[PDB]
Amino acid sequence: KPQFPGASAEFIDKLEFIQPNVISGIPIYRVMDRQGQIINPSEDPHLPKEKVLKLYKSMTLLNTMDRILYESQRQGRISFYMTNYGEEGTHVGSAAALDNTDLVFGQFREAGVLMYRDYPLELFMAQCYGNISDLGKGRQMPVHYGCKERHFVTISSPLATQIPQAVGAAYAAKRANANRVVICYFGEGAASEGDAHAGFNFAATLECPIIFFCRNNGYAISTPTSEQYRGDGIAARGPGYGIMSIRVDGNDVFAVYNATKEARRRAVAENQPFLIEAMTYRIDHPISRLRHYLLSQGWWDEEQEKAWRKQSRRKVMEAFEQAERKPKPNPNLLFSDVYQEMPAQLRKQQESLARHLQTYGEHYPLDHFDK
């Protein structure tokens, strides 16, 4: 009987405000318990042994790399570092459910997607050290990774900016056909930015094949979620934008994999967005939980664990040592790529620096910079 274009609804003849349900929120999807046991066999993805060992080795290699680079930062060998603790399962589990060419946008907790995609340890190191091997040319802060080959769009520091951008890339993918998804990761703090409301609404109205993957660990720096929002986390926001939504146990690599697999399948078939909110801890850990699963199947043991811990430490330390002894790039690279083509006035500034260094170069750390 109501005839308003803005909504489809019946009349009601009694005043009733709608109450948010926050105490009994959207439930948390889980496939394996803390002992690594499958809870509901119909939900087991039955991933093959080689794939599940890859999930475990990618997480643990990431963890080994974090330990070493975090110490490097404490010593001032690199200037900054963000770890992945607590986020190894959300990232390896979701990356495993994507096609290799699906495009990824993220922020500071997504190095495990690159690690699953076989990003070389040398290149993670090169970016953190800003050395000559860094394809980012040493221009960004450490942990601002990017890889065109592996379809992982370069990180930027301003939070949530990548959210509406991922939606535009997904619209363009829809037009191009060729059946690709975009995934966009962000934390629950970043979801408070205006750009998240922009991305979420555009993806729904423009019917984009995108997965929004929010990691919620209860904290953004010092701010607990009680000061970040008052609804039922981020998952409960999805339906208000018309977005199909789910909440998952971020310590369960199989729950994350299943939800991402199914979101990918439907996003690309239906050209509609999906939102996954994975709950994690700010650091019952994703690595321990998968290790227990491996044991059950007879796919790992303490000897293999020992040998892999040793081998991973060796591979990271080899990359670390090589990265520290590479020179930095030529200082001329501070002027290129501002525009595609260097404007003549920018070339003049480059020439000015070259003349300056000819006269005053003893005062500059010229000795570990290329040419």
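In this text, residue numbers run from 1 along the sequence as written.
Unmodelled deposited residues between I283 and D284: none, 1 to 3, 4 to 9, or 10 or more? Per the record, 10 or more deposited residues are absent between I283 and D284.
Which has higher Cα B-factors on average according to the PDB entry: 306 to 314 or 25 to 33? The deposited B-factors put 306 to 314 ahead on the C-alpha mean.
Averaged over C-alpha atoms, is the B-factor higher for 188 to 196 or for 265 to 273 in this PDB entry? Going by the record's values, the stretch with the higher mean is 265 to 273.
Top residue by Cα temperature factor, when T260, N251, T101, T161 are compared in the entry: Most elevated C-alpha B-factor of the set, per the entry: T101.
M59 CA temperature factor, ranked by third within the chain: Lowest third.
Looking at the C-alpha B-factor of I38, is it in the lowest, middle or highest third of its chain? Ranked within chain, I38 CA B lands in the highest tercile.
Taking the entry's C-alpha B-factors for this chain, is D301 in the lowest, middle or highest third? Tercile = highest for this residue's CA B-factor.
Based on the entry's values, in what third of the chain does the Cα temperature factor of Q107 lie: lowest, middle or highest? For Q107, whose C-alpha B-factor we compare with every modelled residue in the chain, the answer is the middle third.
Ranked by Cα temperature factor within the chain, is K49 in the lowest third, the middle third or the highest third? For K49, the deposited C-alpha B-factor lands in the lowest third.
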